[PDB]
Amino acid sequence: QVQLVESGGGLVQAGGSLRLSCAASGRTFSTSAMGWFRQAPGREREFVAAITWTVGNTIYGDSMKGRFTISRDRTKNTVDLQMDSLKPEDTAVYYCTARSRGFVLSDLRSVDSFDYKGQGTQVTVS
């Protein structure tokens, strides 16, 4: 199996930036894509971003394209989420995910399409 460890959360003023990072370990040979989703208390999961593993194609949730950039390093088995122009409605726990199943790209917009998920890191915007 695969294990995911997120970091880089904190408390930042509106308009500022943060950068989340995730280290993957385990059976990373099988990874076909990685991504991020978020969950605010009381609300349901929303898709944030995904990146295809071999070529590095990226897709975004509607309120984040432009402000956020997902990237990944295959030799280090990491994936980062740069977050610019943060807003109070971005306040949530952010989870990194991985998939081993192949896919057509639109499958990845579905928030529950992952095979593994991390432990989560808190982001608060004031």
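Note that residue numbering begins at 1 and tracks the sequence as displayed.
Asks: Take the C-alpha B-factors listed in the entry for 12 to 20 and for 108 to 116, compute each mean, and give the stretch with the larger one.
Replies: So the stretch with the higher mean C-alpha B-factor is 108 to 116.
Asks: Comparing 58 to 66 with 32 to 40, which stretch shows the greater average C-alpha B-factor in the deposited entry?
Replies: Result of the comparison: 58 to 66.
Asks: Highest recorded C-alpha temperature factor, please, choosing from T52, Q82, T91, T75.
Replies: Checking the PDB record, the top C-alpha B-factor among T52, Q82, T91, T75 is at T75.
Asks: Taking the values exactly as deposited, rank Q122 by C-alpha B-factor within its chain and report the matching third: lowest, middle or highest.
Replies: Tercile = lowest for this residue's CA B-factor.
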